[PDB]
Amino acid sequence: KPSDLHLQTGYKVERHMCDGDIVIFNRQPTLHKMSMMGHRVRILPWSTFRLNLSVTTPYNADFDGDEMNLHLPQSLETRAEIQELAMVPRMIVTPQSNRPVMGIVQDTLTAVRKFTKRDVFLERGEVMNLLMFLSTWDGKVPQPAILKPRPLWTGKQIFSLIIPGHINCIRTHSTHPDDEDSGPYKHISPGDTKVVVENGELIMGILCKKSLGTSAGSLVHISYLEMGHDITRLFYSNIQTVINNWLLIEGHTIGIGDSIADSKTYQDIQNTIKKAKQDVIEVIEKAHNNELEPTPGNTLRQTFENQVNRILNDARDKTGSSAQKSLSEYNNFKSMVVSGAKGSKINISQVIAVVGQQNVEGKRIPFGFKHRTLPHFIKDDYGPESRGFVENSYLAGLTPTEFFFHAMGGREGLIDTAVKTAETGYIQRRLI
Amino acid sequence: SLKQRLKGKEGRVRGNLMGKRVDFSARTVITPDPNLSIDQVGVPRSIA
Amino acid sequence: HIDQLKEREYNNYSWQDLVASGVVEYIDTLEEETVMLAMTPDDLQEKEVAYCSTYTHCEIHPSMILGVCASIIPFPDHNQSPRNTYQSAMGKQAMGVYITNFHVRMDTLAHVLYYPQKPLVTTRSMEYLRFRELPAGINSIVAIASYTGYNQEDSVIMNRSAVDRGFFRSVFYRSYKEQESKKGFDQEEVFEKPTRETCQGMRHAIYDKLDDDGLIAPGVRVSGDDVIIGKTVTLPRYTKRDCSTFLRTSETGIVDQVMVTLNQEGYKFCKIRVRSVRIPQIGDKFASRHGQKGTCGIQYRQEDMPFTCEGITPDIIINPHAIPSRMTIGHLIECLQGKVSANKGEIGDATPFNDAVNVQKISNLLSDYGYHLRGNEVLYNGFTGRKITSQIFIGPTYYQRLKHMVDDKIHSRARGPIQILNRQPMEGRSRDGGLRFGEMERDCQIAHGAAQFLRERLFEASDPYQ
Amino acid sequence: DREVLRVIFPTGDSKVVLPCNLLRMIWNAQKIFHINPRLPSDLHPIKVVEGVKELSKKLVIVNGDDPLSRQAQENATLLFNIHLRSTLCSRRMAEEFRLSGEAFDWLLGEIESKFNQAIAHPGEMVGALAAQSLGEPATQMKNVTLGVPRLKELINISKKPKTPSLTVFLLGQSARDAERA
Amino acid sequence: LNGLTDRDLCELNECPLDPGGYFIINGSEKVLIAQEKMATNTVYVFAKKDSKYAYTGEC
Amino acid sequence: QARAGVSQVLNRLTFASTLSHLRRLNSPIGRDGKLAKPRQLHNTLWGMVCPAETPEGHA
Amino acid sequence: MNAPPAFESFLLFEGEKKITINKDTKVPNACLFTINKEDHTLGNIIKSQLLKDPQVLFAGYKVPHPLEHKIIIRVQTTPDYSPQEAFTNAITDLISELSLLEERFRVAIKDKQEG
Amino acid sequence: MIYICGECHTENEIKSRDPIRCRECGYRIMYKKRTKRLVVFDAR
Amino acid sequence: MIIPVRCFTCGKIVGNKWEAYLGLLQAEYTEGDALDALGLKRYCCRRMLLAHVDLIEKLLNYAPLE
Amino acid sequence: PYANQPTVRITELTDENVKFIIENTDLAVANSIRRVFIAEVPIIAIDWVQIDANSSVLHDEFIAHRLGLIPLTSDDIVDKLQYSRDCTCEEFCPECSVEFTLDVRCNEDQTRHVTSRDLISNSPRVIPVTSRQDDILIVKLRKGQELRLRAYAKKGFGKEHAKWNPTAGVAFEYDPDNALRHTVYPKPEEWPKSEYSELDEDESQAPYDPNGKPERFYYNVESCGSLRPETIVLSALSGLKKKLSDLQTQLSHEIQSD
Amino acid sequence: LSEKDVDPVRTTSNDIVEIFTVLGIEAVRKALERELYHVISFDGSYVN
Amino acid sequence: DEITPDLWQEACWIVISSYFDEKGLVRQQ
Amino acid sequence: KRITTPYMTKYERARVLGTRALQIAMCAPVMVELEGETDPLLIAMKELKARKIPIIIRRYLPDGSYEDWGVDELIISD
RNA sequence: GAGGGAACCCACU
Ligand SMILES: [Mg+2]
Ligand SMILES: [Zn+2]
Ligand SMILES: [Zn+2]
Ligand SMILES: [Zn+2]
């Protein structure tokens with residue numbers, strides 16, 4: 001009835017949660033204090049909790065089915081406590097490791113590695129489209145790095161517009177040569193691998209996880225230390241929006257052609273595998289004819305195991321080095337690795353060249369039968385194939401014994417996760 | 001017994017005083033949104 | 001023996017005749033530790049150093065070491081092993097057609113895909129799992145690309161125009177059982193259409209959709225606050241009180257079937273199947289057959305999705321970063337083989353240990369059909385029409401719609417039911433319960449220093465008392 | 001200060017953890033005040049000496065004028081004052097950093113404000129912060145045991161460690177040849 | 001349903017692809033999960049650790 | 001004082017789940033055990049037990 | 001459950017203005033045109049047509065959120081010209097373009113059908 | 001009301017408290033009629 | 001279960017082609033030639049008919065309740 | 001006035017597709033024309049289903065969805081048909097909708113293929129496309145199974161639902177020899193040539209054109225049958241022009257209001 | 001430590017209890033810090 | 001006569017098909 | 001005689017802003033001039049920036065004593 | 001304008 005719809009001063013109206021409301025947002029397990037952060041509510045027309053991507057790192061969250069919790073503060077004191085204490089920009093830098101917890105992740109990261117390369121030139125329409133997504137832009141289009149024959153801006157100019165204030169930061173790209181700083185081209189980088197930002201302008205260098213990630217001294221860390229939490233929040237948002245809209249033009253993929261190597265590279269990998277298997281057979285013959293000298297502090301079987309594992313690790317390392325050396329600049333595995341977004345050189349090595357030795361409890365594949373790993377081998381076979389060295393790549397496909405030994409290896413990691421969660425949680429509870 | 005009521009992580013103290021069910025809480029699946037700022041969460045209209 | 005087995009239903013030659021012939025024999029684990037197995041007959045027909053000249057047995061096929069759920073994985077030897085484990089987990093959560101007689105059955109939870117397809121890239125072991133007859137999934141044009149940033153961190157972009165055409169549309173069936181019970185001489189539950197001035201303690205809902213037998217009829221739309229079975233129990237002016245069966249909250253749908261029968265002890269027993277159509281949504285879980293789980297992050301229409309020069313838009317766009325740390329190369333090979341299979345008009349073979357199938361052979365077969373040999377295509381931006389500078393890996397890949405919809409998980413509570421003993425909020429979305437602000441959350445809010453928020457959560461949003 | 005440093009850090013590891021990034025703020029002053037490093041500066045070295053003296057006076061962790069308070073304040077800011085006098089040396093400020101007078105005054109003000117922003121706030125629940133800061137990396141974790149079992153053997157004071165061991169160091173010529181070792 | 005053809009199973013509203021192998025208890029389909037155990041009548045000799053026994057044979 | 005979960009409600013979400021649940025083996029070692037050896041993929045599981053199909057988590 | 005109606009991508013509700021013009025105070029002669037219930041179609045053609053006008057110093061559009069149906073077109077012109085005038089002239093040029101294309105497509109269809 | 005017998009496909013009138021048995025073939029499993037209420041489907 | 005009316009990717013009509021495709025396969029065509037005779041050029045339309053499982057035929061083997 | 005002067009070259013005109021070339025226009029204009037092809041060309045499709053009897057093995061929403069995906073002939077009638085949101089009727093009328101009825105009972109031992117031929121319209125200008133190829137299979141019935149339904153088809157475009165998308169495949173291309181380097185091939189020799197390529201077999205890619213812009217655009221608009229493909233293109237140009245005219249009217253009103 | 005030509009300054013154990021019983025409470029505080037730092041920084045991880 | 005390696009894949013999947021035609025998949029239960 | 005820090009801590013800032021916002025929401029007199037905004041948090045923060053919040057923070061020492069600091073007496077550095 | 005608990009199992013992050 002309308003007589004019950006009258007409002008007096010001092011009444012409370014339990015109104016619906018609306019845009020701009022402050023909430024606490026949480027993902028279990030709540031391990032550190034940045035797994036519960038304050039967020040501003042924006043209503044969006046579907047049934048999920050939409051989350052910013054940089055925020056997925058302090059929550060240890062992804063979107064493979066994660067469910068998260070949202071607590072609404074009910075009073076003005078709790079709302080102001082969350083607003084002045086627990087907001088995401090205030091939680092950018094942690095006291096745990098005096099470094100940021102959230103950085104630039106995966107597509108913003110891959111395309112900021114691709115965007116700040118030297119040969120990236122944007123036309124007038126592309127620059128205007130990118131500046132549409134710069135929320136801190138002052139409205140002045142910068143003078144292009146190239147005026148003739150055609151006006152072209154570089155990606156470093158646009159990211160200089162993204163970089164806030166007058167940040168001064170020196171970093172290195174992940175592919176920076178070790179001998180470059182001692183050479184004649186230290187301050188003029190031939191590979192654009194020394195990042196220098198001066199007066200908030202990206203003067204040189206390709207940005208990556210070492211510059212835009214969650215490391216100490218990184219660009220977002222300097223932005224937090226010099227400009228505070230709000231300007232750094234705008235920095236994160238502007239990096240994500242501008243880079244994600246340039247990636248519509250540029251694009252990034254992964255294909256089966258990124259898993260292929262050259263024929264010369266395949267020949268080199270097969271030669272390295274053949275030579276290492278011959279070396280393992282030679283060590284086996286030395287141990288069998290009692291010509292193997294034990295090393296100090298170890299017995300004969302463990303010195304044999306150390307020698308065999310040294311040979312096979314050298315094989316895996318050399319085949320992997322040949323695999324990365326085969327990779328072109330257009331390779332997308334290499335793009336995601338040198339951007340620091342996803343994967344490692346070990347992953348490229350396993351996809352392209354050699355999966356490697358399978359290990360259970362830190363040793364090779366045990367003799368679960370009578371002196372045999374599988375009934376397809378002879379007894380007392382200590383060679384690489386018998387004891388779990390996978391000489392194939394993921395592109396080539398595994399042999400059935402290699403498939404079973406790889407399953408034995410991966411079951412170890414699954415077990416380690418499942419049985420380490422409880423002891424780690426008990427340790428956290430006792431520490432608290 | 002009363003001791004079983006009080007003890008354990010499901011007991012009175014750990015399961016009802018150190019931690020407890022709360023009102024004004026919501027839970028659902030998370031999806032990405034590159035168009036939200038880092039201090040901003042997209043919320044369904046039914047939850048709100 | 002092979003010639004006799006080619007006419008199994010003519011010669012009456014069977015597997016048991018092959019056992020009786022002394023050709024195959026059953027070896028257990030203790031005997032297998034004394035046998036000498038050739039992996040293939042190529043180990044037998046080997047030259048001067050065969051690595052063994054005393055083989056006693058031969059594997060029939062090595063890919064038979066997998067189970068039911070691992071035998072649907074295409075190219076399992078091109079994947080990391082935990083990803084094969086994750087697919088073996090998620091193939092049991094994939095919605096297809098679980099059984100043929102699902103219309104007869106009233107299961108409590110049932111899930112039926114509209115258009116389940118057999119995979120374009122199958123294994124031969126799948127011929128005996130009846131996956132060709134009861135498949136769980138759809139071959140989807142999947143482009144592995146970073147598009148608008150909405151597929152990041154294990155997410156997919158779906159084609160809204162595809163979804164409008166029935167792509168991965170499913171049906172949820174829920175059955176509700178109720179029965180009259182004579183729990184004592186005076187107590188008599190009965191299926192009646194209740195009356196407001198006669199029944200005690202109704203739940204303020206509508207009862208007009210019930211027929212006068214107390215049961216709702218098939219074909220009637222129902223919502224979360226609706227009565228589907230009207231059962232009244234006699235109270236020993238309100239001679240009877242309401243114990244009607246209610247529909248589960250926020251589960252809108254249509255009554256598919258109502259069945260009335262007698263139980264073991266001869267009382268009336270009603271089972272009601274309610275049908276709800278689940279259109280794919282943001283937050284619904286989808287998985288390929290390689291451990292590539294992920295929720296739908298956004299849905300774009302056909303004019304917004306990137307397109308090839310033939311006008312093909314992907315049905316699903318997945319992030320490239322889902323691949324490198326996972327090393328699910330069998331996903332890429334399945335996509336390439338599916339492009340070849342759909343162009344050639346054949347079902348690609350992805351039996352694990354098969355030397356007849358190679359990435360180079362599939363690449364040459366794909367290049368024979370006017371496509372780039374590595375499966376890349378020149379895609380154009382849907383929004384602007386400009387060519388994407390990179391060339392996008394795109395082709396048919398078998399995807400599965402997992403049981404985990406967001407609408408079965410979304411839950412909010414403002415205030416509501418509380419437990420009797422501790423007077424705290426209830427358990428789960430099914431009881432309109434609250435979320436647990438556990439001990440770890442308490443520690444986190446201690447470390448934040450937010451003492452008033454800690455007091456709000458642990459005192460006056462849970463159980464104030466004086 | 002150098003002798004005190006070599007007592008404190010006997011391994012020669014110069015990487016320390018300190019509140020105010022002095023080199024970055026000197027670079028900030030250079031960029032803000034348009035410092036030309038190829039021109040002579042107008043900054044007197046005695047201005048550097050006296051400014052660092054007053055700045056170190058006004059960077060207070062332990063309040064009080066009693067000798068116990070003065071000793072505690074000197075101890076609490078010993079590393080930062082050593083690094084401040086090392087970085088804002090008058091020789092380095094004249095020939096390496098080349099800062100002007102106004103740039104140096106802004107540098108002193110910025111160092112003071114950044115140090116006062118770094119002091120721990122009363123009310124900080126640093127025990128819960130420490131317990132979460134040593135348990136969160138635990139989620140991501142000679143036959144010497146390491147990792148979670150060693151962390152358990154540490155925080156639970158175990159009378160029976162899994163791999164107990166010594167690291168025995170030798171004196172004189174005994175450490176230099178393998179036969180007497 | 002033993003010995004019935006697929007047409008007879010469809011006339012009984014049963015799925016011919018349904019494997020069987022389960023029970024119907026109060027209308028609910030129940031499967032018996034196979035249970036691993038140590039083999040009987042076999043001598044197994046182990047080495048008990050941190051105990052008074054150096055070795056132990058078990059049958 | 002009796003073993004539980006020997007009889008389970010048969011999974012009927014997919015035909016593959018039905019087949020997998022009908023061919024399911026169980027080690028009756030408690031899932032609170034933090035030793036790895038019964039959970040390890042033994043060499044003797046070749047051709048007998050699927051090396052890929054195991055649950056995630058405590059089991 | 002939270003699914004929006006499919007007509008909400010292109011239908012203005014009651015009280016919803018189609019296009020709103022706001023002066024951009026950062027730089028002179030700049031305006032933001034918020035067009036409701038439109039998408040990349042009109043935004044892209046209008047932005048590219050404004051890029052052809054030599055008196056336009058800036059032209060861009062954005063969809064602020066793909067789950068909402070809203071275009072923001074920022075137009076900056078020379079001081080002797082107006083962003084509203086530029087936007088109107090861009091729409092007029094696009095309309096004349098499409099009229100000419102329509103009649104030439106009709107002529108080409110007639111020519112192809114007659115032989 | 002009218003219930004279809006599960007086996008014999010025939011419609012049968014059943015009152016309240018009447019045991020659910022088909023008068024033709026004695027089958028105990030019977031199903032309700034599809035409703036006469038008017039239900040609209042969008043063709044989407 | 002039944003052939004979709006539209007191709008999911010592009011929306012070409014494939015619902016009028018399943019019986020024609022089965023008749024072509026019965027007429028000793030290969031699957032690729034049968035798909036080519038029906039005008040399914042794009043592989044998105046070819047996966048509609050190539051991968052279709054017509055479960056409605058086996059559903060029609062059950063006696064109807066209604 | 002800085003309008004383009006685009007030219008049209010039809011290269012193929014069948015009853016299913018139109019292949020044509022647009023020269024001397026911008027890439028945004030071409031892409032917007034393609035987007036209006038897919039999304040904003042109105043046709044008539046079934047949007048309202050009332051099922052009276054459904055004894056089939058397929059449930060009612062399934063049948064309704066399949067009926068909605070059936071294309072209906074919309075040539076010259078969708079132009080004069082009103083949107084139901086813009087119509088003065090209460091629920092439905094011939095000025096904004098077309099009534100369809102289906103009444104199929106299977107009484108024979110042969111499986112009855114209920115197809116789009118069984119959709120009986122009250123308007124002869126709006127019929128199923130396959131009822132002017134086989135007919136689109138709606139459902140299959142066995143003996144004793146029945147399907148009676150009444151449907152209403154209304155105007156709409158593909159931005160709302162993909163059942164109103166009139167095109168099967170809009171093939172769109174520009175710069176087939178990659179002179180503009182809008183895509184960058186890691187190995188240009190690995191890439192098959194376009195249908196519209198003007199290169200020799202020894203050459204894999206055109207020389208770079210720094211002064212070039214996207215100026216020539218190739219279309220293959222394939223129709224699903226609701227409209228003729230040339231009617232799709234003409235209606236798309238008309239719809240884009242009408243969107244621009246309505247936006248200009250609202251813009252002029254907004255300018256005069258301030 | 002008592003042995004000849006063994007450094008009585010730098011020689012240390014990894015046993016916390018015997019370091020406490022031999023060298024005292026501040027020494028076992030430093031040993032505890034060193035061993036915790038070793039456990040943390042084995043992975044290259046840094047905690048303040 | 002011995003099965004040639006070019007016929008071996010077809011032969012081994014024939015004998016596997018025979019095994020699953022007889023035993024099925026739930027033969028142990 | 002006051003030994004505690006002259007800076008307002010983050011917890012002091014949070015609680016003073018929340019308490020002043022609740023008082024303004026309970027119709028306390030606004031100590032500053034407000035330019036037509038409604039939210040009590042915004043009024044509380046512009047009162048804190050103007051250093052006109054009429055609240056005294058009582059800081060307790062571990063010995064049991066306390067120091068009373070005006071909000072206008074502390075330095076709002078964060 | 002809201003009347004059970006318990007046990008077990010499966011699953012999810
Ligand atoms: Mg996750
Ligand atoms: Zn009967
Ligand atoms: Zn298609
Ligand atoms: Zn009308």
Side-chain angles (χ1 to χ4, degrees), chain C residues 27-30 32-33 37 59-73 76 79 81-100 102 105 107-113 116 126 128-131 133-137 291 352 400-403, chain F:
Chain C
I27 306 292
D28 70 321
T29 313
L30 282 177
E32 211 184 16
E33 184 178 1
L37 279 170
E59 299 271 3
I60 304 186
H61 202 281
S63 75
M64 301 316 294
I65 66 169
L66 302 171
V68 163
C69 287
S71 293
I72 65 169
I73 313 187
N79 294 338
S81 54
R83 294 290 138 176
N84 294 333
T85 301
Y86 298 154
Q87 168 54 31
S88 294
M90 293 182 286
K92 303 180 272 220
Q93 297 146 35
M95 294 183 286
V97 179
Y98 65 103
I99 208 60
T100 314
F102 64 94
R105 317 169 48 101
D107 304 299
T108 311
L109 276 293
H111 283 282
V112 174
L113 211 64
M126 268 162 65
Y128 324 110
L129 323 170
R130 317 310 278 258
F131 206 86
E133 312 173 63
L134 291 176
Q400 310 155 116
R401 183 177 175 86
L402 305 188
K403 67 181 290 294
Chain F
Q1 65 182 357
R3 38 189 179 172
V6 180
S7 180
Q8 297 183 4
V9 179
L10 173 70
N11 214 330
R12 283 265 194 202
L13 193 148
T14 315
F15 193 67
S17 49
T18 305
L19 287 181
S20 174
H21 202 192
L22 281 159
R23 314 181 81 232
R24 184 148 300 159
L25 310 178
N26 172 75
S27 309
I29 285 146
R31 281 94 180 103
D32 45 350
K34 306 285 158 263
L35 73 164
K37 295 295 284 191
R39 309 177 174 263
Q40 283 191 335
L41 182 68
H42 201 252
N43 294 112
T44 52
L45 292 190
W46 170 273
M48 310 302 189
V49 166
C50 171
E53 193 171 349
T54 187
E56 293 83 3
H58 63 298

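Note that these values count all heavy atoms, side chains included, but never hydrogens, waters or copies made by symmetry. Numbers restart at 1 for each chain; the letters A, B, ... are given by sequence-line order, proteins then strands.
- Distance check: F/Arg23 CZ to C/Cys69 SG gives 10.5 Å after rounding to the nearest 0.5 Å.
- Taken to the nearest 0.5 Å, the CG atom of C/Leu30 stands 9.5 Å off from the OG1 atom of F/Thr44.
- Looking at F/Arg12, the atoms closer than 4.5 Å to chain C (heavy atoms on both sides) sit in the backbone and in the side chain alike.
- Looking at heavy atoms from C-beta onward, C/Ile99 lies out of side-chain contact with F/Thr18 at the 4.5 angstrom threshold.
- Note that the CG atom of F/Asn43 and the OG1 atom of C/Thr29 stand 12.0 Å from one another [nearest 0.5 Å].
- Of the residues considered (C/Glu59, C/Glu33, C/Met95), C/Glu59 shows the highest number of contacts with chain F, using heavy-atom pairs under 4.5 Å.
- No part of C/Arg83 comes within reach of chain F, as not one of its non-hydrogen atoms sits under 4.5 angstrom from that chain.
- The two residues F/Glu53 and C/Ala70 make their nearest non-hydrogen contact at OE1-N, 4.2 Å.
- Residue contact with chain F, scored on non-hydrogen atoms closer than 4.5 Å, involves the backbone of C/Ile27 exclusively.
- The minimum heavy-atom distance between F/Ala16 and C/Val68, with the atom names listed, is O-CG1, 4.0 Å.
- Smallest separation of non-hydrogen atoms from F/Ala52 and C/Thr85: O-OG1, 3.0 Å.
- The nearest pair of heavy atoms linking C/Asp28 to F/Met48 is C-CE, 3.7 Å.
- Proximity to chain C involves both the backbone and the side chain of F/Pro51, based on heavy atoms less than 4.5 angstrom apart.
- One distance of note links CG of F/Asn11 with CD of C/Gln93; it measures 9.0 Å at 0.5 Å rounding.
- Contact annotation for C/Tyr86: both backbone and side-chain heavy atoms come within less than 4.5 Å of a heavy atom of chain F.
- Note that CG of F/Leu19 is 14.5 Å distant from OH of C/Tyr128, once rounded to the nearest 0.5 Å.
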